[PDB]
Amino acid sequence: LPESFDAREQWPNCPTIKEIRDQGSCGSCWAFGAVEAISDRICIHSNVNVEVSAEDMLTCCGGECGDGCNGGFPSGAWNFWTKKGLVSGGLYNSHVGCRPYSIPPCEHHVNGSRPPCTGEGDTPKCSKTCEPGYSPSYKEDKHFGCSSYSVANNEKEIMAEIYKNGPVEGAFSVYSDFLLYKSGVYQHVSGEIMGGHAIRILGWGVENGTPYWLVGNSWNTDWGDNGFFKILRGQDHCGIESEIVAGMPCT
């Protein structure tokens, strides 16, 4: 395996890999890490480009994935993709796809022009219909996964999975010092625990002798490094290597 790897550069024909979304004032990271990676993989293994609906995942999976805006289970999300499939749907107010995200973007621990985020956000309804004007129907717009699996807590295996099949979803413990991340390789040194956070791992590298994972967060582009961040790799730091999940699209 190479010393560094950036899925954005390796798969130029898949622009979703470079995208950063905004989960808004809702604990839907579990859903975002999943639909983002799934969007990437649909493109990688179908060379079609689809903005997979975070809304569909968040609202219609149900108990199998956890508790909507109150948190969820990454592996459960990929299961939903293989069982019920996912329709398309872009950013809030984009009118792109069957079910665009319904929760407004906000400022995640940074100052900006958008309203500040509020942890208080209710899970939107599961509506099996597409926005007006969109075709085909909800049922016909479903994209299915044909496998859902969990990658072992093994650096090399995780790198191999990304190298061959594309970005994966992962999760780690977020402490307050992570909230102010701006650059460099993140390593937890202080701060109260905020909770578990699901994200998208799209590569790896070494910065100043420090091995890291290239990760895309779902807190918009003005947080961190243009929406992305790097975290220590190889020591299951904050559990970053302990909950890796992925899957392959049908056909």
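The first residue of the shown sequence is 1; numbering continues from there.
The modelled chain breaks after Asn47 and resumes at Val48, leaving 1 to 3 residues of the deposited sequence without coordinates.
In this entry, 190-198 shows the higher mean Cα temperature factor of the pair 190-198 and 37-45.
Relative to its counterpart among 139-147 and 72-80, 139-147 has the higher mean temperature factor, C-alpha atoms as listed in the PDB entry. When the Cα B-factors of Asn111, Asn153, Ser88, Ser173 are read from the PDB record, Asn111 comes out highest.
Compared with the other modelled residues of the chain, the Cα B-factor recorded for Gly166 ranks in the lowest third. In the deposited entry, the Cα temperature factor of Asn13 sits in the middle third of values across the chain's modelled residues. Placement of the Cα temperature factor of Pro124 within the chain: middle third of the modelled residues, per the deposited record. Among all modelled residues in its chain, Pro100 ranks in the lowest third by Cα B-factor.
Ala31: CA B factor lies in the lowest third for its chain, per the PDB record.
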